[PDB]
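These notes concern the structure reproduced below.
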Amino acid sequence: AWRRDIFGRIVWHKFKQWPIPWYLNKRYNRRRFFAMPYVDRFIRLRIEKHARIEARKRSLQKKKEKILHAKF
Amino acid sequence: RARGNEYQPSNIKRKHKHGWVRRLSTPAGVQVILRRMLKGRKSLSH
Amino acid sequence: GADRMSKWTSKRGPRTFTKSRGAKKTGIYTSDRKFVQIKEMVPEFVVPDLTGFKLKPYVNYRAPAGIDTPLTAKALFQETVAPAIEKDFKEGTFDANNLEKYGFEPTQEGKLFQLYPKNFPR
Amino acid sequence: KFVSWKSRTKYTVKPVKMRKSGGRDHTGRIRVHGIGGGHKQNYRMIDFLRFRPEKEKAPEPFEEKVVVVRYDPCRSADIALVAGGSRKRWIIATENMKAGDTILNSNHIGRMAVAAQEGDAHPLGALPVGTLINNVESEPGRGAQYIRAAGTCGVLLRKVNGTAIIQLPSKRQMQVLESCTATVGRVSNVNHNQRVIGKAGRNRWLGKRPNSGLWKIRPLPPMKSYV
Amino acid sequence: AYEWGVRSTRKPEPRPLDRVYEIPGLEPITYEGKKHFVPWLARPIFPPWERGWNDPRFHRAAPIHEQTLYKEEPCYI
Amino acid sequence: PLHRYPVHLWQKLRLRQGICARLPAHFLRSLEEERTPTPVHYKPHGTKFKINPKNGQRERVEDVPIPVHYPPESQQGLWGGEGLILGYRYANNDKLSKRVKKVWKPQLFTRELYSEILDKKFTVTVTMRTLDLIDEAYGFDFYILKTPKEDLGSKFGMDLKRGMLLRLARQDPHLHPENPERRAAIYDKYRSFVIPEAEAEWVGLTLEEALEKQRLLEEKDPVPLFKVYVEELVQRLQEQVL
RNA sequence: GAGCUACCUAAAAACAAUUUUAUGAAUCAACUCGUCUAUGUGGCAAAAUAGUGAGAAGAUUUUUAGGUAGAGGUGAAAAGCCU
RNA sequence: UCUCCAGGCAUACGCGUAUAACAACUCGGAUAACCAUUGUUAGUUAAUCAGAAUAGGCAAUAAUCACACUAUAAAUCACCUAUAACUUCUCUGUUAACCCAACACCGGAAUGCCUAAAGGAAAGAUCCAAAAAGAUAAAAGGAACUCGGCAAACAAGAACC
RNA sequence: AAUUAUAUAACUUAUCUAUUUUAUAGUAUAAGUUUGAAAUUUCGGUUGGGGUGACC
Ligand SMILES: [Mg+2]
Ligand SMILES: [Mg+2]
Ligand SMILES: [Mg+2]
Ligand SMILES: [Mg+2]
Ligand SMILES: [Mg+2]
Ligand SMILES: [Mg+2]
Ligand SMILES: [Mg+2]
Ligand SMILES: [Mg+2]
Ligand SMILES: [Mg+2]
Ligand SMILES: [Mg+2]
Ligand SMILES: [Mg+2]
Ligand SMILES: [Mg+2]
Ligand SMILES: [Mg+2]
Ligand SMILES: [Mg+2]
Ligand SMILES: [Mg+2]
Ligand SMILES: [Mg+2]
Ligand SMILES: [Mg+2]
Ligand SMILES: [Mg+2]
Ligand SMILES: [Mg+2]
Ligand SMILES: [Mg+2]
Ligand SMILES: [Mg+2]
Ligand SMILES: [Mg+2]
Ligand SMILES: [Mg+2]
Ligand SMILES: [Mg+2]
């Protein structure tokens, strides 16, 4: 299934085999598949961190094209 | 007495005081992990 | 002073600390501190008879490799199911209810080998 | 992470292992000073409702046989194992209890005064004025809560209507319903106060830590000048 | 009469049922379909689960009164 | 770099994409719209203009609502829009004194309230304001039905409204069975609030509840491609015969 | 952040020989502490060495795990201790 | 082979290949030899050593060679009734001159056995200065020293505020 | 020391309940009054060393 972990990310969760249903398994229930509100500020920071990386990569390509055309 | 030997290693203490399960037990500890993830730390916890 | 980057394994830590190296369990630890191996839980290697078999590890460099055509659901369906339905449609003895006649499986429950969820290893 | 050791629901005469506190709470902070260490002790579950008729039995006066008078680590007074029917239960022992004695536990409220034999439990209505009592209970059926320390005896000063005045060991007068149950006589270890600890180490055996080494009327304006 | 067993050590009382259940004719939306707990949805009520076969390692005994050899008259052993 | 959209528009963007977009149009209107609740803890300005006493000139005036804190416990009750006022005061009510933290707490009561449409008595934590509002509304059912989401200010209150609306929408015979005449009278009294059954289902649901509801509606096991190809084959074969 | 240190909780451990009114007694090891002197003073050591000394069945010492957190904790009060 | 010194071997906790052989002689050991260094290859083997079905009923009686005794601080599942199951060996630890002290640190570091059968080397070569440190010996005297018998002594006794 | 002080602890009036012929009792709150656990802020100038008196 597609689930949100406690860190605010979306990850594919692989199911495991158990002999009892999920609602009766105390070990499984202790696992959390939700994020509390204190994670939203970190969610934005990741998006902005990633956006900077993409901006630098696109800029560098444009700079590299300048060198090619100037050289050739 | 001579100082500098305040670290008395014990793996049980180390994992209980600074381990993965300890950090996720409280929201403040989870935020500690989030900060280290955003910095890019290779080691999030002991 | 501890090493944070190296992996946590059973060689490290006190004696009370133990963990597996990834081997599948072959039995159960019952009460009274007794291990009971289960014969069914122990994998059994199904090895064929290789007498008279003509295929060897390598192939002639003169053997032509074919055009790559990965198998698809449609390709499998045409080879196996299409001729039967087509023949039955011409004879007219076809109905929706009897798709099992041509090889459809309504459910995977009760099969030794279930396609989903998979219940057998490679 | 602190769980109280007082987690046993079923009454038994088997001694129970006690965990010490040190003066801490469930939070883990000191709340009372001077508590630490001491000798390891076992809890013997005392029964303070003397008139507890046995299971599947009528609520009528019954008798019990005194097996042994033991020493209690958890109390100043000494306890006595008393047996009756098929039941054994610890109780507080009076001044003169001995092994093999028989003690009565009565529900009957005597219209006339009942002869007072030390160790027997009667409703305060049954007792006559002036009889020393111990292990009194504020409310009928509550269970003894007062005068259960070593050597302490309370006098029954007065009875009017269905209420009696009990003079507590501190000389503080208390009133209760005459239906309340009291045990005749003073509690055992009448000489507990004469004990001499003698050395500092003996107190540390008893779980007592040493005291700290650390060492307000406001005049009214007319009197402020003349202070 | 003093009762043995301090309340703090007893099994905690069940949390109150969601008020949506009180309302008649309304089907609550719960996290049952998710297959995991979430703090902001209603808590499902599950019917008692039966394995459908007997597992010796997790056998559960019947109560005293349901035992075949239960007898009214006590026997002192 | 910069974000393409201002941060305040981010919530609207999410509602316009993904499973949120598939939610019913009427439900999204409730989410999208922002309406100010009726004043409770401050006096509104009667007019839009007043005369400034000092200079004697007509001055525009506005209503600035007091920020009110609604505890999570309030969602289990029917407070009449009341809440906790977290603020400051001036000791002795003079500007030149100390600024002191002050919290004004509502007076809460537990009361028994009877719903005719549900024919059930609920125990609710309530304020005197709610009781006054119920009196103005001529009954507990009218108060719940008339009051909007903003003024009601309770998840329990919104849950009660959905039950009443669904009960009216279906004309469910589960109300006072064996007394069809009494059932009709109650429904007639509240006939003004009837709405389509589909709309009543989504009344009062939070966004998370709506997404779970929508997920359940569209949840389906995948179709075996054996069936799909057979249907395609049969149609082609049937067409050829035509 | 209590793997140091302060105090506490749980589970454990150690104490030879010699005398004694039979023990917070005596003599004196192991062990714990740190009186006085010399050395050392970027040293072997960010508090040590070498002697000399104090206690050494107890309010003793020591081990493992747990607990109390800075507007705080702990303190046989040195305003001492909390890497 | 000789001369001399006198905490060794195990386990726990910790450490994480420092283990062993070969090859190297850059770096590391505060210098060489040789390797504790670099590279390559190897290694630690366990059913006994070590780690890792359910519901009821129920208990007065320390330990100390436990007997006699004395004591006070008052001190460790079982057994029974029913129910269920009706033959099993997989997994993990195991090397070392090692750990905490920035160091190959005169430091810190728990338990069992033992006290040399185990484990080790104070001197790279030479010289015999001053000053400085440590040890021993002292004619006659014996606190005249010094703030003070500090330190030392073939002394280590007495007494009082 | 000046300013505060729903830390506690009392009270009074409302509010809300019951009862009551107006009385009692209570009290998820508000406004006061009394206590002060605490909080915040300050240490004018001339005056051998001070003490003191003084002075501006
Ligand atoms: Mg350090
Ligand atoms: Mg330690
Ligand atoms: Mg004092
Ligand atoms: Mg500790
Ligand atoms: Mg001895
Ligand atoms: Mg002694
Ligand atoms: Mg001595
Ligand atoms: Mg001495
Ligand atoms: Mg101390
Ligand atoms: Mg002092
Ligand atoms: Mg001082
Ligand atoms: Mg070599
Ligand atoms: Mg070198
Ligand atoms: Mg080597
Ligand atoms: Mg090497
Ligand atoms: Mg070895
Ligand atoms: Mg160092
Ligand atoms: Mg040797
Ligand atoms: Mg030399
Ligand atoms: Mg000499
Ligand atoms: Mg001489
Ligand atoms: Mg002289
Ligand atoms: Mg002189
Ligand atoms: Mg001297």
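Labeling convention for the structure tokens: chains A, B, ... as they appear, residues from 1 per chain, ligands from 1 in order of appearance.
Within 9 Å of residue E:43, once only C-alpha atoms (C1' of nucleotides) are used and residues closer than 5 positions along the same chain are dropped, the contacting residues are residues 17, 18, 28, 29, 30, 31, 32, 37 and 38 of chain E.
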For this session: Show me which bits of chain E are within 12 Å of chain A, counting only C-alpha atoms, as a ChimeraX atom specification.
Result: /E:31-41,43-53,55,58
Suppose we keep N, CA, C and O atoms; can you now write the selection as a compact mmCIF listing (two decimals), in the first residue's frame?
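Resulting contents of part33.txt:
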# COMPACT_ATOMS: atom_id res chain seq x y z
N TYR E 31 -11.06 4.07 10.43
CA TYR E 31 -9.82 3.74 9.76
C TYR E 31 -9.70 2.25 9.45
O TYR E 31 -8.60 1.78 9.15
N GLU E 32 -10.81 1.51 9.51
CA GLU E 32 -10.75 0.08 9.24
C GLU E 32 -10.24 -0.20 7.84
O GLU E 32 -9.41 -1.09 7.64
N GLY E 33 -10.73 0.55 6.85
CA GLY E 33 -10.28 0.34 5.48
C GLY E 33 -8.80 0.60 5.29
O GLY E 33 -8.17 -0.02 4.43
N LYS E 34 -8.24 1.52 6.07
CA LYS E 34 -6.81 1.80 5.97
C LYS E 34 -5.97 0.62 6.45
O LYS E 34 -4.86 0.42 5.94
N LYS E 35 -6.47 -0.15 7.41
CA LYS E 35 -5.74 -1.24 8.06
C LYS E 35 -4.65 -0.72 8.99
O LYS E 35 -3.63 -1.38 9.18
N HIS E 36 -4.83 0.47 9.55
CA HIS E 36 -3.92 0.98 10.57
C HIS E 36 -4.62 2.10 11.32
O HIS E 36 -5.54 2.74 10.81
N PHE E 37 -4.16 2.33 12.54
CA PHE E 37 -4.72 3.38 13.39
C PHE E 37 -4.34 4.76 12.86
O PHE E 37 -3.22 4.98 12.39
N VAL E 38 -5.28 5.69 12.94
CA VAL E 38 -4.99 7.11 12.69
C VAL E 38 -5.68 7.92 13.77
O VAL E 38 -6.80 7.58 14.18
N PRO E 39 -5.06 9.00 14.28
CA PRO E 39 -5.66 9.72 15.41
C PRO E 39 -6.95 10.45 15.08
O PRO E 39 -7.73 10.73 16.00
N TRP E 40 -7.22 10.77 13.81
CA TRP E 40 -8.29 11.68 13.45
C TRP E 40 -9.50 10.99 12.83
O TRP E 40 -10.39 11.67 12.31
N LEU E 41 -9.56 9.66 12.87
CA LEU E 41 -10.73 8.93 12.40
C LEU E 41 -11.34 8.15 13.56
O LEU E 41 -10.72 7.94 14.60
N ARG E 43 -12.74 5.08 15.76
CA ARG E 43 -12.15 3.78 16.07
C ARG E 43 -13.13 2.67 15.68
O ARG E 43 -14.27 2.68 16.14
N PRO E 44 -12.73 1.71 14.84
CA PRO E 44 -13.66 0.65 14.46
C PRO E 44 -14.02 -0.24 15.64
O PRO E 44 -13.29 -0.34 16.63
N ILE E 45 -15.18 -0.88 15.53
CA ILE E 45 -15.60 -1.94 16.44
C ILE E 45 -15.52 -3.25 15.67
O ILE E 45 -16.24 -3.44 14.68
N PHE E 46 -14.65 -4.15 16.12
CA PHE E 46 -14.45 -5.39 15.39
C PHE E 46 -15.23 -6.52 16.03
O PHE E 46 -15.30 -6.61 17.26
N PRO E 47 -15.83 -7.41 15.25
CA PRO E 47 -16.48 -8.59 15.83
C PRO E 47 -15.45 -9.56 16.36
O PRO E 47 -14.29 -9.54 15.92
N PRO E 48 -15.82 -10.43 17.29
CA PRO E 48 -14.85 -11.41 17.80
C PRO E 48 -14.31 -12.27 16.67
O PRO E 48 -15.05 -12.69 15.78
N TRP E 49 -13.01 -12.53 16.72
CA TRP E 49 -12.31 -13.24 15.66
C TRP E 49 -12.16 -14.71 16.02
O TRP E 49 -11.78 -15.06 17.14
N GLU E 50 -12.45 -15.58 15.05
CA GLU E 50 -12.27 -17.02 15.19
C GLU E 50 -11.28 -17.48 14.14
O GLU E 50 -11.46 -17.22 12.95
N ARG E 51 -10.23 -18.18 14.59
CA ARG E 51 -9.20 -18.64 13.66
C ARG E 51 -9.77 -19.59 12.62
O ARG E 51 -9.27 -19.65 11.49
N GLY E 52 -10.82 -20.34 12.97
CA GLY E 52 -11.38 -21.33 12.08
C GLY E 52 -10.75 -22.70 12.19
O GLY E 52 -11.20 -23.63 11.51
N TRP E 53 -9.73 -22.86 13.03
CA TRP E 53 -9.12 -24.15 13.30
C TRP E 53 -8.37 -24.03 14.62
O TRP E 53 -8.13 -22.93 15.12
N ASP E 55 -5.27 -24.21 17.07
CA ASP E 55 -3.82 -24.08 17.11
C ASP E 55 -3.33 -24.54 18.47
O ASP E 55 -3.58 -23.85 19.47
N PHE E 58 -1.57 -22.05 20.82
CA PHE E 58 -2.39 -20.96 21.34
C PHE E 58 -3.77 -21.47 21.74
O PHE E 58 -4.79 -20.82 21.49
Taking only residues of chain F that have an atom at most 8 Å from an atom of chain E, what is each one's shortest atom pair and its distance in Å to one decimal, using only C-alpha atoms, in chain and number order, as JSON lines?
{"residue": "F:76", "atom": "CA", "partner": "E:19", "partner_atom": "CA", "distance": 7.5}
{"residue": "F:118", "atom": "CA", "partner": "E:24", "partner_atom": "CA", "distance": 6.6}
{"residue": "F:156", "atom": "CA", "partner": "E:19", "partner_atom": "CA", "distance": 7.0}
{"residue": "F:159", "atom": "CA", "partner": "E:20", "partner_atom": "CA", "distance": 6.7}
{"residue": "F:160", "atom": "CA", "partner": "E:23", "partner_atom": "CA", "distance": 6.8}
{"residue": "F:162", "atom": "CA", "partner": "E:26", "partner_atom": "CA", "distance": 8.0}
{"residue": "F:163", "atom": "CA", "partner": "E:26", "partner_atom": "CA", "distance": 5.9}
{"residue": "F:166", "atom": "CA", "partner": "E:25", "partner_atom": "CA", "distance": 7.9}
{"residue": "F:167", "atom": "CA", "partner": "E:25", "partner_atom": "CA", "distance": 7.2}
{"residue": "F:208", "atom": "CA", "partner": "E:40", "partner_atom": "CA", "distance": 7.7}
{"residue": "F:209", "atom": "CA", "partner": "E:29", "partner_atom": "CA", "distance": 6.4}
{"residue": "F:212", "atom": "CA", "partner": "E:29", "partner_atom": "CA", "distance": 7.4}
{"residue": "F:213", "atom": "CA", "partner": "E:29", "partner_atom": "CA", "distance": 7.0}
{"residue": "F:216", "atom": "CA", "partner": "E:33", "partner_atom": "CA", "distance": 7.5}
Write the selection just made, keeping N, CA and C atoms, as a JSON list (two decimals), in the first residue's frame?
[["chain", "number", "residue", "atom", "x", "y", "z"],
["F", 76, "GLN", "N", -16.58, 17.75, 21.64],
["F", 76, "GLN", "CA", -17.46, 16.72, 22.19],
["F", 76, "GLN", "C", -18.70, 17.33, 22.84],
["F", 118, "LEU", "N", -34.23, 12.25, 16.28],
["F", 118, "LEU", "CA", -33.49, 11.06, 16.67],
["F", 118, "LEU", "C", -34.16, 10.30, 17.81],
["F", 156, "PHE", "N", -19.16, 17.34, 17.13],
["F", 156, "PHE", "CA", -20.35, 16.62, 17.58],
["F", 156, "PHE", "C", -21.62, 17.32, 17.10],
["F", 159, "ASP", "N", -22.04, 16.47, 13.58],
["F", 159, "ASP", "CA", -22.44, 15.07, 13.46],
["F", 159, "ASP", "C", -23.93, 14.91, 13.73],
["F", 160, "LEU", "N", -24.45, 15.62, 14.73],
["F", 160, "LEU", "CA", -25.88, 15.57, 15.01],
["F", 160, "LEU", "C", -26.69, 16.08, 13.82],
["F", 162, "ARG", "N", -25.93, 15.97, 10.62],
["F", 162, "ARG", "CA", -25.98, 14.95, 9.57],
["F", 162, "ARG", "C", -27.01, 13.89, 9.88],
["F", 163, "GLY", "N", -27.07, 13.44, 11.14],
["F", 163, "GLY", "CA", -28.06, 12.44, 11.50],
["F", 163, "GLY", "C", -29.48, 12.93, 11.29],
["F", 166, "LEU", "N", -30.13, 13.32, 7.43],
["F", 166, "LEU", "CA", -30.30, 12.02, 6.80],
["F", 166, "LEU", "C", -31.62, 11.38, 7.21],
["F", 167, "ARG", "N", -32.00, 11.53, 8.48],
["F", 167, "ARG", "CA", -33.28, 11.00, 8.94],
["F", 167, "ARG", "C", -34.43, 11.64, 8.18],
["F", 208, "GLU", "N", -10.39, 14.68, 5.96],
["F", 208, "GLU", "CA", -9.87, 13.32, 6.08],
["F", 208, "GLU", "C", -11.00, 12.30, 6.00],
["F", 209, "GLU", "N", -12.12, 12.57, 6.67],
["F", 209, "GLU", "CA", -13.26, 11.67, 6.57],
["F", 209, "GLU", "C", -13.77, 11.59, 5.14],
["F", 212, "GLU", "N", -11.46, 9.39, 3.03],
["F", 212, "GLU", "CA", -11.70, 7.98, 3.33],
["F", 212, "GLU", "C", -13.02, 7.51, 2.73],
["F", 213, "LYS", "N", -14.06, 8.33, 2.82],
["F", 213, "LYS", "CA", -15.34, 7.97, 2.21],
["F", 213, "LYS", "C", -15.19, 7.80, 0.71],
["F", 216, "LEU", "N", -13.35, 4.62, -0.20],
["F", 216, "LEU", "CA", -14.20, 3.44, -0.10],
["F", 216, "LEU", "C", -15.16, 3.34, -1.27]]
Exercise. Hey, what's within 12 Å of stretch 9-20 of chain I if we count only C-alpha atoms (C1' of nucleotides) and toss same-chain stuff fewer than 6 positions away? As a ChimeraX atom specification, please?
Worked result: /F:106-111,126-128 /I:26-37
Exercise. Which residues form the shell of 6 Å around ligand 3 when you count only C-alpha atoms (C1' of nucleotides) and all ligand atoms, given as a ChimeraX atom specification?
Worked result: /D:213-215
Problem set entry | Contacts of stretch 39-45 of chain I within 12 Å, only C-alpha atoms (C1' of nucleotides), excl. fewer than 5 positions in-chain, as a ChimeraX atom specification | /F:98-100 /G:71 /I:1-5,7,55-56
For this session: Just the strand (DSSP E) stuff from chain A, please, per backbone DSSP, written as an NGL selection string.
Result: :A and (2-4 or 10-12)
Same residues, N, CA, C and O atoms, saved as a PDB file, in the first residue's frame:
ATOM      1  N   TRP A   2       0.273   2.360  -0.404  1.00  0.00           N
ATOM      2  CA  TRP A   2       0.916   3.666  -0.334  1.00  0.00           C
ATOM      3  C   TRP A   2       0.540   4.308   0.993  1.00  0.00           C
ATOM      4  O   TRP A   2      -0.645   4.518   1.270  1.00  0.00           O
ATOM      5  N   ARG A   3       1.541   4.615   1.812  1.00  0.00           N
ATOM      6  CA  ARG A   3       1.300   5.105   3.158  1.00  0.00           C
ATOM      7  C   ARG A   3       2.241   6.259   3.457  1.00  0.00           C
ATOM      8  O   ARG A   3       3.306   6.394   2.852  1.00  0.00           O
ATOM      9  N   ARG A   4       1.831   7.093   4.405  1.00  0.00           N
ATOM     10  CA  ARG A   4       2.647   8.195   4.892  1.00  0.00           C
ATOM     11  C   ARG A   4       3.302   7.772   6.199  1.00  0.00           C
ATOM     12  O   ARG A   4       2.611   7.370   7.139  1.00  0.00           O
ATOM     13  N   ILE A  10       5.900   9.805   1.522  1.00  0.00           N
ATOM     14  CA  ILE A  10       5.028   8.792   0.940  1.00  0.00           C
ATOM     15  C   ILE A  10       5.914   7.651   0.476  1.00  0.00           C
ATOM     16  O   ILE A  10       6.794   7.843  -0.372  1.00  0.00           O
ATOM     17  N   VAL A  11       5.690   6.467   1.033  1.00  0.00           N
ATOM     18  CA  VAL A  11       6.494   5.296   0.722  1.00  0.00           C
ATOM     19  C   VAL A  11       5.564   4.127   0.453  1.00  0.00           C
ATOM     20  O   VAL A  11       4.496   4.004   1.059  1.00  0.00           O
ATOM     21  N   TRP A  12       5.976   3.270  -0.475  1.00  0.00           N
ATOM     22  CA  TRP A  12       5.279   2.015  -0.707  1.00  0.00           C
ATOM     23  C   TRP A  12       5.602   1.056   0.427  1.00  0.00           C
ATOM     24  O   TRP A  12       6.774   0.812   0.728  1.00  0.00           O
TER      25      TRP A  12
END
Exercise. When DSSP works through the backbone of this structure, what residues of stretch 27-95 of chain F end up as alpha helix (DSSP H), shown as an NGL selection string?
Worked result: :F and (27-32)
Can you work out which residues from chain D touch chain E at a cut-off of 6 Å (counting only C-alpha atoms) and hand them back as an mmCIF file with N, CA, C and O atoms, in the first residue's frame?
data_model
loop_
_atom_site.group_PDB
_atom_site.id
_atom_site.type_symbol
_atom_site.label_atom_id
_atom_site.label_comp_id
_atom_site.auth_asym_id
_atom_site.auth_seq_id
_atom_site.Cartn_x
_atom_site.Cartn_y
_atom_site.Cartn_z
ATOM 1 N N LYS D 6 1.960 -2.415 45.257
ATOM 2 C CA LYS D 6 0.683 -2.758 45.880
ATOM 3 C C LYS D 6 -0.338 -3.185 44.823
ATOM 4 O O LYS D 6 -1.398 -2.586 44.654
ATOM 5 N N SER D 7 -0.003 -4.261 44.115
ATOM 6 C CA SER D 7 -0.779 -4.717 42.971
ATOM 7 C C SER D 7 -1.428 -6.080 43.188
ATOM 8 O O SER D 7 -1.901 -6.687 42.223
ATOM 9 N N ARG D 8 -1.472 -6.571 44.423
ATOM 10 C CA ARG D 8 -2.057 -7.874 44.717
ATOM 11 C C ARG D 8 -3.512 -7.687 45.126
ATOM 12 O O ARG D 8 -3.805 -6.947 46.069
ATOM 13 N N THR D 9 -4.419 -8.355 44.413
ATOM 14 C CA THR D 9 -5.850 -8.172 44.623
ATOM 15 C C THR D 9 -6.448 -9.168 45.606
ATOM 16 O O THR D 9 -7.478 -8.872 46.222
ATOM 17 N N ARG D 142 -16.246 0.099 57.610
ATOM 18 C CA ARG D 142 -15.104 0.692 56.922
ATOM 19 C C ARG D 142 -13.846 -0.145 57.118
ATOM 20 O O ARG D 142 -13.127 -0.437 56.156
ATOM 21 N N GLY D 143 -13.568 -0.540 58.356
ATOM 22 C CA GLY D 143 -12.319 -1.193 58.688
ATOM 23 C C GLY D 143 -11.492 -0.340 59.628
ATOM 24 O O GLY D 143 -11.551 0.890 59.564
#
Show me which residues sit within 10 Å of ligand 11 when counting only C-alpha atoms (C1' of nucleotides) and all ligand atoms, and put them as a PDB file with N, CA and C atoms (P, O5', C5', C4', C3', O3' and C1' of nucleotides), in the first residue's frame.
ATOM      1  P     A G  77      25.018  17.865  53.962  1.00  0.00           P
ATOM      2  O5'   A G  77      25.596  19.282  54.406  1.00  0.00           O
ATOM      3  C5'   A G  77      26.922  19.687  54.079  1.00  0.00           C
ATOM      4  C4'   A G  77      27.008  21.181  53.885  1.00  0.00           C
ATOM      5  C3'   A G  77      26.666  22.018  55.117  1.00  0.00           C
ATOM      6  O3'   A G  77      27.383  23.250  55.093  1.00  0.00           O
ATOM      7  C1'   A G  77      25.143  22.513  53.397  1.00  0.00           C
ATOM      8  P     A G  78      28.876  23.354  55.665  1.00  0.00           P
ATOM      9  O5'   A G  78      29.772  23.092  54.382  1.00  0.00           O
ATOM     10  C5'   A G  78      31.035  23.709  54.235  1.00  0.00           C
ATOM     11  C4'   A G  78      31.467  23.705  52.795  1.00  0.00           C
ATOM     12  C3'   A G  78      30.598  24.490  51.828  1.00  0.00           C
ATOM     13  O3'   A G  78      30.838  25.885  51.863  1.00  0.00           O
ATOM     14  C1'   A G  78      31.116  22.382  50.897  1.00  0.00           C
ATOM     15  P     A G  79      29.616  26.918  52.005  1.00  0.00           P
ATOM     16  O5'   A G  79      28.712  26.640  50.720  1.00  0.00           O
ATOM     17  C5'   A G  79      29.250  26.716  49.406  1.00  0.00           C
ATOM     18  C4'   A G  79      28.210  26.408  48.356  1.00  0.00           C
ATOM     19  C3'   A G  79      28.294  27.235  47.074  1.00  0.00           C
ATOM     20  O3'   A G  79      29.089  26.644  46.052  1.00  0.00           O
ATOM     21  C1'   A G  79      26.073  27.292  47.946  1.00  0.00           C
TER      22        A G  79
END
Exercise. Counting only C-alpha atoms (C1' of nucleotides) and all ligand atoms, which protein, DNA or RNA residues come within 9 Å of ligand 16, given as a list in words?
Worked result: residues 44, 94, 95 and 96 of chain H
Please, could you write that set of residues out with N, CA and C atoms (P, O5', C5', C4', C3', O3' and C1' of nucleotides) as a PDB file, in the first residue's frame?
ATOM      1  P     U H  44      40.529 -20.835  13.213  1.00  0.00           P
ATOM      2  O5'   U H  44      39.368 -20.186  14.094  1.00  0.00           O
ATOM      3  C5'   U H  44      39.012 -20.745  15.356  1.00  0.00           C
ATOM      4  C4'   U H  44      37.716 -20.188  15.896  1.00  0.00           C
ATOM      5  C3'   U H  44      36.488 -20.362  14.989  1.00  0.00           C
ATOM      6  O3'   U H  44      35.302 -20.665  15.732  1.00  0.00           O
ATOM      7  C1'   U H  44      36.783 -18.080  15.506  1.00  0.00           C
ATOM      8  P     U H  94      32.267 -13.992  17.660  1.00  0.00           P
ATOM      9  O5'   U H  94      33.131 -14.975  18.562  1.00  0.00           O
ATOM     10  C5'   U H  94      33.528 -14.606  19.876  1.00  0.00           C
ATOM     11  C4'   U H  94      34.168 -15.759  20.601  1.00  0.00           C
ATOM     12  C3'   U H  94      35.402 -16.341  19.913  1.00  0.00           C
ATOM     13  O3'   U H  94      36.373 -16.732  20.880  1.00  0.00           O
ATOM     14  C1'   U H  94      33.765 -18.026  20.164  1.00  0.00           C
ATOM     15  P     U H  95      37.732 -15.892  21.035  1.00  0.00           P
ATOM     16  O5'   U H  95      38.336 -15.855  19.562  1.00  0.00           O
ATOM     17  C5'   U H  95      39.131 -16.918  19.060  1.00  0.00           C
ATOM     18  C4'   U H  95      40.222 -16.407  18.155  1.00  0.00           C
ATOM     19  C3'   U H  95      41.266 -15.521  18.815  1.00  0.00           C
ATOM     20  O3'   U H  95      42.274 -16.271  19.466  1.00  0.00           O
ATOM     21  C1'   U H  95      40.521 -14.507  16.811  1.00  0.00           C
ATOM     22  P     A H  96      42.815 -15.839  20.914  1.00  0.00           P
ATOM     23  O5'   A H  96      43.517 -14.434  20.661  1.00  0.00           O
ATOM     24  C5'   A H  96      44.825 -14.355  20.112  1.00  0.00           C
ATOM     25  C4'   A H  96      45.230 -12.923  19.881  1.00  0.00           C
ATOM     26  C3'   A H  96      45.252 -12.036  21.115  1.00  0.00           C
ATOM     27  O3'   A H  96      46.461 -12.159  21.843  1.00  0.00           O
ATOM     28  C1'   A H  96      44.103 -10.934  19.358  1.00  0.00           C
TER      29        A H  96
END
Which polymer residues have any atom within 10 Å of an atom of stretch 28-39 of chain C, counting only C-alpha atoms (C1' of nucleotides), with same-chain residues fewer than 4 positions away left out, as a PDB file with C-alpha atoms (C1' of nucleotides), in the first residue's frame?
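Writing the result to selection_0.pdb gives the following:
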ATOM      1  CA  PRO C  43      13.123 -26.083   2.123  1.00  0.00           C
ATOM      2  CA  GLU C  44      13.375 -29.101  -0.169  1.00  0.00           C
TER       3      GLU C  44
ATOM      4  CA  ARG E  57       0.395 -23.499  20.664  1.00  0.00           C
TER       5      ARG E  57
ATOM      6  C1'   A H  47      22.105 -30.237  21.699  1.00  0.00           C
ATOM      7  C1'   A H  52      17.582 -16.491  22.262  1.00  0.00           C
ATOM      8  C1'   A H  53      -0.091 -23.975  25.661  1.00  0.00           C
ATOM      9  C1'   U H  87       8.865 -36.991  19.273  1.00  0.00           C
ATOM     10  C1'   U H  88      13.184 -32.255  18.308  1.00  0.00           C
ATOM     11  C1'   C H  89      18.966 -29.520  16.631  1.00  0.00           C
ATOM     12  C1'   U H  90      17.934 -24.919  13.497  1.00  0.00           C
TER      13        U H  90
END
